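Enquirer: Below you will find the structure I want to go over with you.
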Amino acid sequence: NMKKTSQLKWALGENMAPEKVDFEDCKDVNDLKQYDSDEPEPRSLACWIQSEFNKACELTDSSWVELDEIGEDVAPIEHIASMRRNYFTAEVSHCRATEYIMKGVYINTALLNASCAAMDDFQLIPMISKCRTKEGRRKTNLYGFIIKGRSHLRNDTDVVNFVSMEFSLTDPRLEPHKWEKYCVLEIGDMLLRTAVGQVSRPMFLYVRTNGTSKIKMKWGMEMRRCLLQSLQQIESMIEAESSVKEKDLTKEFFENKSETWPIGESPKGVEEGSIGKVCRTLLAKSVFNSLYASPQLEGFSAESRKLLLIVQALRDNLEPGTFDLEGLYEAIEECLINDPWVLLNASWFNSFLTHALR
Amino acid sequence: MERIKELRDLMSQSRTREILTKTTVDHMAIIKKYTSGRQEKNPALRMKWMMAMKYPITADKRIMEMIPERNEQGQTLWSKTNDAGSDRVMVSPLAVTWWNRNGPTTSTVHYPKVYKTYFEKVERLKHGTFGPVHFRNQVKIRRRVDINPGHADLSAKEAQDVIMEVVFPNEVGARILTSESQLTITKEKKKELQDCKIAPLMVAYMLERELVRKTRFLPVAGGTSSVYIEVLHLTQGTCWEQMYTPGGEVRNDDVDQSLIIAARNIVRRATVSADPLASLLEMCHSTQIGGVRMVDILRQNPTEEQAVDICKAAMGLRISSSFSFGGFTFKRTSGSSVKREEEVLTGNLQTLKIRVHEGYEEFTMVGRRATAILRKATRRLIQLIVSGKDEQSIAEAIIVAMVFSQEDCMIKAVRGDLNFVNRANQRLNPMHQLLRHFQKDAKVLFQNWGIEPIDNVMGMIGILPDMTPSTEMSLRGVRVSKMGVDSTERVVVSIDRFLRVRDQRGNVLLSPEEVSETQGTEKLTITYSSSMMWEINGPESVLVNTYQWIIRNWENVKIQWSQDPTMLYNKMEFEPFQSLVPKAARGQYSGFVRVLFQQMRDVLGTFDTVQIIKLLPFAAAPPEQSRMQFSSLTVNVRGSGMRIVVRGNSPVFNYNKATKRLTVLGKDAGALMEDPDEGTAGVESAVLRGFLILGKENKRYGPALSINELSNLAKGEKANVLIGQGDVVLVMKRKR
Amino acid sequence: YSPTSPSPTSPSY
Amino acid sequence: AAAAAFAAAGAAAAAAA
Amino acid sequence: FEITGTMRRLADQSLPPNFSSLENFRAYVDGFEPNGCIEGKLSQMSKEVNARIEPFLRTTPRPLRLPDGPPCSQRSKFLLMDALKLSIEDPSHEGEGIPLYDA
Amino acid sequence: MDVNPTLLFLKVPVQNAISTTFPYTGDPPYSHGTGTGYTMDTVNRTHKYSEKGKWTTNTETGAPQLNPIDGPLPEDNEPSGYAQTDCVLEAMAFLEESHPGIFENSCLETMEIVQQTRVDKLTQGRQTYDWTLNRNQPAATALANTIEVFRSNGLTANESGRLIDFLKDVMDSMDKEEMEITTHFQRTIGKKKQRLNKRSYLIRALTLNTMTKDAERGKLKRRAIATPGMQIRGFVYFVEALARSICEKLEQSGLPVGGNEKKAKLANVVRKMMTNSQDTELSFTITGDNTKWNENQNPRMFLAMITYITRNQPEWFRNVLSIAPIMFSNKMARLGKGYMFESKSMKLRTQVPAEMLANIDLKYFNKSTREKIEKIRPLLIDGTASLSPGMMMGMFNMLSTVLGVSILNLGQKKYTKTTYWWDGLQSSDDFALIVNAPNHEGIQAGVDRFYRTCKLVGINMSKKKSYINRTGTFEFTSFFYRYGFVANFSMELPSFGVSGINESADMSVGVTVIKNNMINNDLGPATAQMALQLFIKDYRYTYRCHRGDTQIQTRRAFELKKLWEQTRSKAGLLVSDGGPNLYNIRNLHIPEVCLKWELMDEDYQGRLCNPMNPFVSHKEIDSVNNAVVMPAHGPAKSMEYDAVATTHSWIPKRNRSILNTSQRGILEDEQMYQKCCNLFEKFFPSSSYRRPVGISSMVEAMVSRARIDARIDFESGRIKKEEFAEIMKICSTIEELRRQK
RNA sequence: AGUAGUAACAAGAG
RNA sequence: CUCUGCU
Ligand SMILES: *O[C@H]1[C@@H](OC)[C@H](n2cnc3c(=O)[nH]c(N)nc32)O[C@@H]1COP(=O)(O)OP(=O)(O)OP(=O)(O)OC[C@H]1O[C@@H]([n+]2cn(C)c3c(=O)[nH]c(N)nc32)[C@H](O)[C@@H]1O
């Protein structure tokens with residue numbers, strides 16, 4: 001645990017809630033005013049979220065999922081599924097978004113377990129994760145620490161505060177606006193070995209007093225569902241072609257890279273990625289949906305899905321008609337307020353409109 | 001005795017005494033569900049939360065005496081605290097693991113018997129056979145199937161009565177088992193369930209599952225029997241089919257139904273062949289039902305069906321020339337009839353389209369408790385002589401004959417709520433619906449049918465609507481014989497090239513025309529093992545696979561169509577499609593499409609790959625010259641006429657230009673590779689026979705014209721015609 | 001199968 | 001002897017009273 | 001199954017404005033016979049209330065407008081791409097061991 | 001190189017990849033704090049759409065009521081609650097004409113349901129407002145409280161067991177001049193009795209409880225839902241029964257059918273419209289919800305529809321069907337918890353109940369709440385706001401879809417009397433309408449006619465979020481149709497993972513969910529294997545049931561390791577006992593106990609499947625091998641799973657937070673009730689399997705059964721003379737206890 | 001502080 | 001000092 005020091009009592013919001021008293025005992029208080037229900041103050045989009053997504057779509061040399069062993073395959077369909085699952089696991093285990101899935105799931109499950117078991121004490125929770133490097137080694141890695149505060153979580157929306165301290169090699173000075181909520185300390189020097197030689201680099205510690213709700217932790221533990229949202233879609237995009245060709249096209253799609261889908265935009269135009277790139281991109285999208293989940297994301301996703309259907313009808317020469325398009329746009333735009341993920345999705349949708357009607 | 005002691009203790013407590021005394025047995029159903037706790041809205045979150053506390057589980061108080069409070073490691077298995085809202089105490093999962101580890105073992109030989117259904121699943125999966133997996137454009141249709149076949153002989157109520165007998169013999173009440181099946185199953189179950197400590201409630205629930213039939217609407221693609229539905233996830237997929245044969249015995253009814261379906265599909269497909277007998281023989285020798293070859297099931301399955309009979313005749317097996325209807329086996333002793341659909345209005349002001357049999361004919365009706373001789377004309381019961389053993393059997397035979405007559409008063413006798421479409425709006429069989437309705441109640445039918453004067457016909461006393469025998473009066477054309485008149489003989493027959501079955505004398509016994517036109521679903525998965533695997537599939541599958549085959553072979557199909565289209569049209573791969581094309585319109589559609597193809601060939605440019613794909617299947621049949629103009633081509637699909645539009649985009653046949661992909665009935669069929677020689681340039685020249693499509697109208701050659709009347713144009717002149725989805729276009733009668 | 005595509009996070013120190 | 005190969009519908013009849 | 005007392009008053013009050021009693025409304029609706037009331041009302045309604053269809057062409061959809069406040073800041077519970085990890089060769093295994101002793 | 005997942009739609013059509021547009025991996029947006037603001041906003045909005053109606057004051061409850069029926073015709077496209085009685089009656093008449101006898105047959109079916117429906121039917125349903133406690137209670141608990149109060153008040157006509165008798169008692173209660181209830185106050189437990197006047201009981205019998213819909217996806221802003229009292233639900237059940245009977249007879253009404261029944265019915269109907277449409281006719285399909293549908297479906301129009309439907313029926317049947325719309329037209333909406341006021345300078349919290357908003361000063365509120373309170377103050381009465389117009393989260397979904405389908409049928413060419421015509425599908429507030437007309441102008445004219453007719457009937461199409469395209473692709477109740485329904489797996493993602501019933505039920509449910517998704521939602525086999533692996537991992541972590549051979553440390557690890565060493569056949573161990581996972585695509589339909597039965601050790605098999613283990617607890621048959629699952633969209637679903645009852649079929653701890661509240665007595669009463677019921681089952685084993693019957697008290701039935709059982713056991717020799725003597729003496733003692741009292 | 005967003009948590013009841 | 005973590 002962690003002695004309840006002044007610094008932890010402040011960072012974890014100890015005794016910050018007002019005392020709950022009967023209304024008749026405080027009706028005469030001068031500034032007794034209803035809670036503040038002001039509209040979230042809107043913010044702007046920044047390139048850092050796009051860089052975060054770009055990295056989440058990257059390939060890592062270390063495997064991140066070690067799945068249990070299912071019953072031995074007997075049916076020929078089971079063998080085909082096993083081969084396809086081998087391809088999917090090879091493509092996904094090395095995805096950075098899979099690392100995000102694992103670290104988030106571990107953090108959320110540890111936080112919830114500590115929250116339930118130790119509801120009065122500040123608990124130290126290391127940020128651990130497990131990978132298998134491409135040489136078979138099974139390195140156990142530490143990302144930092146989480147000091148969970150008091151966790152008398154009554155409602156599913158009740159908040160437990162925790163101080164998160166993460167190591168990093170990125171100087172916040174470069175992009176201060178991204179780290180408005182962090183107090184970053186320079187705590188070490190890391191002698192990184194590179195191709196030319198060795199370079200000495202500072203090592204910082206991003207510290208912030210974050211918070212999480214019981215429902216948020218519960219959905220964090222189930223971040224592995226993202227793996228399905230992506231992989232199922234990929235399978236749905238493979239099976240269709242395999243039905244058309246009357247053959248199993250998993251090998252052709254993964255090894256031969258015959259089929260590519262428009263997956264990104266560069267200055268040269270639209271870039272086409274293979275099935276693996278598309279799988280990683282969808283996995284990253286689902287992972288970020290889980291990480292940056294919020295009512296803004298849900299509302300924008302629904303309304304933009306409706307607009308996507310309209311644009312698809314336009315693309316299919318179904319001469320779509322609208323009764324109030326400006327109303328639909330206003331409904332969509334009302335869901336873009338603060339969350340960087342939703343703003344990035346809105347910019348993505350704008351780009352897709354630009355490249356879809358040209 | 002423990003329970004009476006507990007009752008005495010409860011009466012001792014004042015408040016519990018008041019509850020017990022005041023509340024009645026009827027009011028128990030209400031206070032039994034009296035709970036302060038509310039259903040958890042997100043149980044997953046609560047469970048994740050509660051697995052972190054020490055004692056999330058609740059167990060009976062007795063646990064405290066039959067499990068140590070802590071194990072050798074000191075971890076507290078259970079606690080003293082009492083569960084909220086009950087007398088159960090709190091317990092940790094450690095307690096459960098401890099019980100499974102070093103707990104009091106007992107005998108479990110009874111478990112397979114009480115959980116018979118689950119262990120039957122295990123056993124029939126153990127002995128199942130796995131064939132190759134085939135990647136095909138699977139077309140799954142949503143339809144009601146059975147997940148629990150139940151004990152067919154026993155209706156739900158009989159199953160409940162048997163369950164009460166077996167599990168709660170004293171609480172049966174006044175009920176007594178009458179059906180012999182009830183007695184035998186009750187006996188065997190009681191013998192098996194001897195000294196079964198399992199909770200009676202669980203035994204009752206498992207027996208309900210085992211005995212009571214349960215159905216479910218599920219998207220399926222193979223057999224609809226339970227043995228195939230439970231493994232539906234394993235067998236049928238989006239793009240693949242896993243040929244699987246569940247082990248164990250198979251219900252004879254399911255095999256009979258699947259054989260009927262397979263025979264119907266094979267004969268319907270074989271009619272459109274150039275050599276129907278040889279084609280039918282090949283599909284019989286290449287088809288398997290439920291993993292069993294179809295060649296060797298006919299010689300061992302006597303199910304009566306004009307299609308089954310045609311198949312048997314093709315193999316030299318003696319046929320019966322009989323067919324089931326309303327539970328009675330009908331054998332046409334004399335007469336002949338022709339099928340033709342016709343619309344009728346029922347007595348409940350509902351409009352039906354029923355298949356009337358034109359022609360005088362005579363049948364012999366054989367039933368389990370009745371036998372009759374019938375003579376009928378078109379929607380007219382000329383005569384009926386019944387010989388039922390009891391009044392109920394006589395009434396059943398009379399009602400079946402009445403419905404089989406298809407008489408107008410029969411149709412107009414419908415009263416009350418009778419629906420001819422299920423909750424999925426699928427068209428039910430009108431004859432079966434009428435049979436069910438009239439068997440439920442027949443007073444109106446007999447009242448509205450008519451009475452005929454009857455003389456003293458020896459041993460043929462008349463019957464009246466009230467079911468009492470009468471001598472002077474009787475139901476029109478209905479007599480009851482006491483001679484117990486009571487066909488099965490299998491007469492050897494010769495079947496010609498065109499599947500016309502003739503006996504020794506030479507009269508046509510069976511022909512493909514009288515084969516049923518319904519497209520039913522097999523109870524057992526049917527596998528076809530030729531090069532084109534989809535010959536005997538349903539309508540949607542045939543359409544999708546035909547267009548997919550055209551797409552795949554498009555490289556050679558183009559060249560064959562350009563230099564030798566007659567052989568392209570001959571291509572057998574289009575025959576099942578033609579089987580879907582109505583017989584009446586087959587020749588005219590073929591002629592129209594062939595003329596359009598020839599004009600497309602003659603006209604320089606104007607090549608349209610998508611149009612050729614759309615219209616090629618219709619060209620298989622021999623041409624029939626005509627001047628009629630077709631706005632759409634019709635194909636039969638489960639009793640509905642799907643209209644493939646000649647010009648434009650329709651749900652049946654779609655070409656997405658953005659993806660350059662063709663979808664049929666919502667199922668992808670592939671993409672068409674870009675053809676530099678297409679060059680549509682607006683002008684199509686492959687829509688109207690003898691007309692060229694200039695394009696958008698210009699309102700100078702005429703306001704608009706209809707497709708059919710447009711034939712008035714002689715030659716050369718240009719006019720505006722309303723062709724397509726409200727898109728008037730300019731056209732001209734081709735120079736030649 | 002080795003995935004491919006056409007270390008400040010996890011360096012060697 | 002006399003047997004029904006396949007009997008559809010509910011059967012019976014309420015007319016008998 | 002009668003309606004009387006309090007339910008009678010509630011029924012009387014729960015009627016269209018012109019009617020005054022439940023039995024009167026029942027008599028009116030029982031004798032009701034369609035006579036083109038819907039068409040007459042459709043004629044009466046102003047022409048402005050209509051479901052005008054504006055075609056959605058390739059030039060119809062404008063780009064979405066994003067808020068123009070201060071740039072959005074990181075809100076994830078942990079660093080995503082900037083996170084640095086201190087690891088060890090120790091193979092051990094996932095879920096095995098004491099995370100603190102590993103840390 | 002900026003990767004953009006949305007650009008995937010440039011190649012894959014939106015529908016085929018619609019699953020990507022669902023963020024359901026993340027947590028749904030929950031509601032924090034009170035729902036009083038949302039309820040006030042709903043009441044004000046409902047009264048705003050009907051402001052041009054007639055204002056009256058109820059003579060019984062004394063609350064102001066607003067009647068928009070036959071109000072001024074709409075002059076703008078905004079939602080309007082001015083429904084025309086003539087137009088709705090005309091729509092119903094034409095529905096009857098086009099479907100002869102539908103009303104008559106439906107009325108007879110409802111007649112038989114009403115005859116054969118018992119009070120116990122009201123036990124189904126959840127979170128039913130309990131007027132006796134002014135809070136939401138389980139439907140069975142609220143029903144029991146209401147029955148007890150009625151009995152204490154002399155309403156002793158409900159013991160017949162028939163629902164209609166209970167409704168008669170409900171009316172008799174409202175007609176009573178006074179009422180007596182029992183409430184607990186702690187200051188020590190005090191079973192106080194409260195006397196309610198006629199007007200107060202009337203207000204609290206028409207009251208509608210309100211809360212905030214939690215875990216609702218696709219909406220940025222939260223909305224308030226409502227649950228009715230016990231008096232209302234009785235008539236609501238019959239009304240819904242009749243409306244559902246009518247709906248089953250309508251081709252365009254897909255609400256009663258659900259799941260794959262719903263999808264098949266919709267597919268068939270859309271196919272029929274595409275078929276019967278003329279080839280030369282231009283065809284279009286409109287997708288849209290109806291804006292403020294619940295707020296505008298006036299209950300007076302529902303009364304008119306019921307009265308028309310019940311034409312020529314027995315007067316008592318008309319009464320039984322028409323009572324519910326009457327009560328709803330005079331309904332009241334509870335505000336809710338209230339608000340929370342904070343003082344930063346003094347740093348204190350307080351919660352102000354919603355009952356004291358009719359008098360509290362307005363300076364304590366922010367602007368929005370200030371104006372909502374100002375606008376709703378006239379409607380506030382005894383802590384509830386009068387909500388006569390509109391239908392706040394009404395349960396008349398069946399009746400509403402009947403009205404929608406009636407308007408939908410109004411589009412037949414025999415009714416339009418023009419070239420254009422329309423049909424489609426209706427379900428609650430959602431509709432998919434197909435228009436066929438020779439030209440685009442005809443399509444537009446038909447669209448305008450349908451929209452204006454809906455405005456006439458009170459249905460307001462949402463032009464904001466509805467769009468029209470060429471027939472062939474559309475959307476309906478989150479079902480995306482693209483020339484054929486496409487599987488949208490993202491909807492079923494939340495169902496995956498640990499359900500949280502118990503170890504056995506949760507394994508069975510997980511494997512069954514994977515299998516069902518393979519069958520229905522196009523879950524490929526490799527993805528199925530993935531889902532199985534991930535579910536097993538999550539199951540093991542949640543239940544601390546990792547394999548014994550593993551070194552993972554958990555409070556259950558020691559016992560699992562000991563069991564692992566104990567067993568000879570490791571493969572036979574269940575996953576809950578550290579055994580390996582033998583599941584695969586082959587055997588997703590087989591319960592684990594049966595799958596591993598042959599591999600189980602004999603002693604382990606006996607211990608696991610010991611019927612006398614204390615962990616297994618069995619309630620009535622209706623709660624056996626079944627679970628309630630909540631999908632991302634739609635109401636609760638009853639999912640049945642195949643599971644062998646073993647020691648793992650235990651019950652999780654029950655929320656004890658009621659122990660430190662004034663209402664603990666209800667919990668105590670529940671305990672005692674169970675103590676009695678379980679003993680009744682000890683005397684009548686079939687009570688659980690099928691509901692028992694009788695009029696005598698439980699004690700009489702049990703003692704008579706004990707006596708007869710003793711005599712039979714003696715005759716069979718199962719008990720000796722002394723045992724029979726003791727049983728008889730105890731029975732006589734029980735008789736004396738009952739007599740003395 | 002911080003979570004979060006139209007109202008709340010930052011423990012609550014004895 | 002006791003109780004509760006969906007009441
Ligand atoms: O499930 C289908 C069918 O198998 C697919 C099944 N079935 C048929 N036979 C058996 C059987 O022997 N054993 C089992 N277990 N199942 C059997 O029952 C269903 C059959 O109905 P369906 O396929 O939906 O349509 P259809 O085959 O046409 O049945 P139905 O319309 O009731 O007619 C049955 C026979 O009656 C002939 N028929 C009717 N009329 C009025 C006449 C007539 O006036 N003259 C003549 N010559 N024949 C008539 C029908 O043509 C059909 O042959």
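Following the order of the structure tokens, chains are lettered A, B, ..., residues in each are numbered from 1, and ligands are numbered from 1.
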If we count only C-alpha atoms (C1' of nucleotides) and set the cut-off at 12 Å, which residues sit around segment 710-722 of chain F, ignoring sequence neighbours fewer than 5 positions away in its own chain? Please answer as an mmCIF file with N, CA and C atoms, in the first residue's frame.

Expert:
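Final output, selection-v6.cif:
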```
data_model
loop_
_atom_site.group_PDB
_atom_site.id
_atom_site.type_symbol
_atom_site.label_atom_id
_atom_site.label_comp_id
_atom_site.auth_asym_id
_atom_site.auth_seq_id
_atom_site.Cartn_x
_atom_site.Cartn_y
_atom_site.Cartn_z
ATOM 1 N N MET B 1 -40.706 -36.527 12.195
ATOM 2 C CA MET B 1 -40.394 -36.232 10.767
ATOM 3 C C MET B 1 -39.953 -34.778 10.603
ATOM 4 N N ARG B 3 -39.969 -32.481 8.185
ATOM 5 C CA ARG B 3 -40.813 -31.435 7.610
ATOM 6 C C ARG B 3 -41.963 -31.051 8.537
ATOM 7 N N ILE B 4 -42.587 -32.020 9.210
ATOM 8 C CA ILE B 4 -43.652 -31.649 10.137
ATOM 9 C C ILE B 4 -43.077 -30.872 11.313
ATOM 10 N N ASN B 170 -47.907 -38.875 -7.241
ATOM 11 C CA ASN B 170 -49.005 -38.573 -6.330
ATOM 12 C C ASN B 170 -49.721 -37.284 -6.716
ATOM 13 N N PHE F 683 -43.632 -30.470 1.236
ATOM 14 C CA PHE F 683 -44.862 -31.254 1.321
ATOM 15 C C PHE F 683 -45.491 -31.539 -0.036
ATOM 16 N N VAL F 703 -50.740 -29.854 6.523
ATOM 17 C CA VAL F 703 -51.036 -30.797 7.597
ATOM 18 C C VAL F 703 -51.849 -31.972 7.067
ATOM 19 N N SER F 704 -52.807 -31.710 6.174
ATOM 20 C CA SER F 704 -53.557 -32.814 5.584
ATOM 21 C C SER F 704 -52.644 -33.720 4.769
ATOM 22 N N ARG F 705 -51.740 -33.128 3.984
ATOM 23 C CA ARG F 705 -50.806 -33.933 3.210
ATOM 24 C C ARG F 705 -49.901 -34.750 4.120
ATOM 25 N N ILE F 727 -45.849 -38.278 14.327
ATOM 26 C CA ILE F 727 -46.311 -37.418 13.242
ATOM 27 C C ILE F 727 -47.737 -36.955 13.509
ATOM 28 N N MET F 728 -48.607 -37.877 13.933
ATOM 29 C CA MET F 728 -49.988 -37.504 14.224
ATOM 30 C C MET F 728 -50.060 -36.513 15.379
ATOM 31 N N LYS F 729 -49.261 -36.728 16.426
ATOM 32 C CA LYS F 729 -49.288 -35.808 17.559
ATOM 33 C C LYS F 729 -48.794 -34.427 17.153
ATOM 34 N N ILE F 730 -47.749 -34.361 16.327
ATOM 35 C CA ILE F 730 -47.260 -33.065 15.868
ATOM 36 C C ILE F 730 -48.314 -32.379 15.010
ATOM 37 N N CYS F 731 -49.023 -33.144 14.177
ATOM 38 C CA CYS F 731 -50.090 -32.548 13.376
ATOM 39 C C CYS F 731 -51.197 -31.996 14.267
#
```

Enquirer: For ligand 1, return the neighbouring residues as a ChimeraX atom specification (distance at most 6 Å; only C-alpha atoms (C1' of nucleotides) and all ligand atoms).

Expert: /B:253,256-257,260-261,303-305,323-325,337,357,404,429,431-432,514,516,518,520 /D:5-6

Enquirer: Report as a PDB file with C-alpha atoms (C1' of nucleotides), in the first residue's frame all protein, DNA and RNA residues lying within 12 Å of residue 149 of chain A, evaluated on only C-alpha atoms (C1' of nucleotides), omitting residues in the same chain fewer than 6 positions from it.

Expert:
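Listing of selection_18.pdb after writing:
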```pdb
ATOM      1  CA  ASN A   1       0.000   0.000   0.000  1.00  0.00           C
ATOM      2  CA  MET A   2       1.036   3.675   0.374  1.00  0.00           C
ATOM      3  CA  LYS A   3       0.892   5.680   3.599  1.00  0.00           C
ATOM      4  CA  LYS A   4      -1.745   8.403   3.265  1.00  0.00           C
ATOM      5  CA  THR A   5       0.670  11.277   2.800  1.00  0.00           C
ATOM      6  CA  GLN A   7       0.721  14.521  -1.535  1.00  0.00           C
ATOM      7  CA  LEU A   8      -1.302  11.333  -2.030  1.00  0.00           C
ATOM      8  CA  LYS A   9      -4.286  12.713  -0.134  1.00  0.00           C
ATOM      9  CA  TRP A  10      -4.324  15.705  -2.485  1.00  0.00           C
ATOM     10  CA  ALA A  11      -3.566  13.836  -5.711  1.00  0.00           C
ATOM     11  CA  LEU A  12      -6.188  11.195  -4.894  1.00  0.00           C
ATOM     12  CA  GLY A  13      -8.803  13.782  -3.934  1.00  0.00           C
ATOM     13  CA  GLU A  14      -9.100  12.723  -0.306  1.00  0.00           C
ATOM     14  CA  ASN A  15     -11.854  14.548   1.600  1.00  0.00           C
ATOM     15  CA  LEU A 111      -7.525  -1.531 -10.660  1.00  0.00           C
ATOM     16  CA  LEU A 112     -10.940  -3.154 -10.231  1.00  0.00           C
ATOM     17  CA  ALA A 114      -7.717  -3.572  -5.857  1.00  0.00           C
ATOM     18  CA  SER A 115     -10.753  -1.282  -5.771  1.00  0.00           C
ATOM     19  CA  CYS A 116     -12.990  -4.070  -4.498  1.00  0.00           C
ATOM     20  CA  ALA A 118      -8.897  -2.694  -0.587  1.00  0.00           C
ATOM     21  CA  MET A 119     -11.495   0.072  -0.370  1.00  0.00           C
ATOM     22  CA  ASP A 120      -9.772   2.302   2.210  1.00  0.00           C
ATOM     23  CA  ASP A 121      -6.050   2.128   1.374  1.00  0.00           C
ATOM     24  CA  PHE A 122      -3.921   3.703  -1.339  1.00  0.00           C
ATOM     25  CA  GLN A 123      -2.584   0.728  -3.308  1.00  0.00           C
ATOM     26  CA  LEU A 124       0.466   0.627  -5.562  1.00  0.00           C
ATOM     27  CA  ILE A 125      -0.328  -1.050  -8.884  1.00  0.00           C
ATOM     28  CA  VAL A 159     -15.283   7.500  -9.672  1.00  0.00           C
ATOM     29  CA  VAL A 160     -12.075   6.203  -8.118  1.00  0.00           C
ATOM     30  CA  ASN A 161      -9.110   8.535  -8.510  1.00  0.00           C
ATOM     31  CA  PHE A 162      -5.614   7.237  -9.149  1.00  0.00           C
ATOM     32  CA  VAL A 163      -2.212   8.795  -9.807  1.00  0.00           C
ATOM     33  CA  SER A 164      -0.637   7.332 -12.945  1.00  0.00           C
ATOM     34  CA  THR A 209      -4.224  12.294 -11.252  1.00  0.00           C
ATOM     35  CA  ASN A 210      -6.590  10.405 -13.526  1.00  0.00           C
ATOM     36  CA  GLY A 211      -9.931   8.841 -12.654  1.00  0.00           C
ATOM     37  CA  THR A 212     -12.058   5.897 -13.684  1.00  0.00           C
TER      38      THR A 212
ATOM     39  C1'   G G   2      -9.105  14.872 -11.549  1.00  0.00           C
ATOM     40  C1'   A G  10     -14.354  13.056  -5.411  1.00  0.00           C
ATOM     41  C1'   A G  11     -17.781   7.506   0.201  1.00  0.00           C
TER      42        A G  11
END
```

Enquirer: Using only C-alpha atoms, find the residues of chain A whose closest atom to chain F is at most 6 Å away, then write them as a PyMOL selection string.

Expert: chain A and resi 18-23+31-35+68+70-71+81+84-85+219+226+232+262-266+289-290+293+295-296+298-299+302+318-324+327-328+352

Enquirer: Please report, as a PyMOL selection string, each residue of segment 233-346 of chain B to which DSSP assigns strand (DSSP E) when run on this structure's backbone.

Expert: chain B and resi 240-245+287-289+292-293+322-325+328-335+338-345

Enquirer: Write out as JSON lines the residues of chain E that have any atom within 7 Å of an atom of chain C, one row each with the nearest atom pair and its distance in Å to one decimal, counting only C-alpha atoms, sorted by chain and then rising number.

Expert:
```
{"residue": "E:82", "atom": "CA", "partner": "C:9", "partner_atom": "CA", "distance": 6.7}
{"residue": "E:83", "atom": "CA", "partner": "C:9", "partner_atom": "CA", "distance": 6.3}
{"residue": "E:84", "atom": "CA", "partner": "C:9", "partner_atom": "CA", "distance": 4.9}
{"residue": "E:85", "atom": "CA", "partner": "C:10", "partner_atom": "CA", "distance": 6.1}
```

Enquirer: Residue 734 of chain B: which residues within 8 Å, counting only C-alpha atoms (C1' of nucleotides), same-chain residues fewer than 3 positions away excluded, as a ChimeraX atom specification?

Expert: /B:690-692,715-716
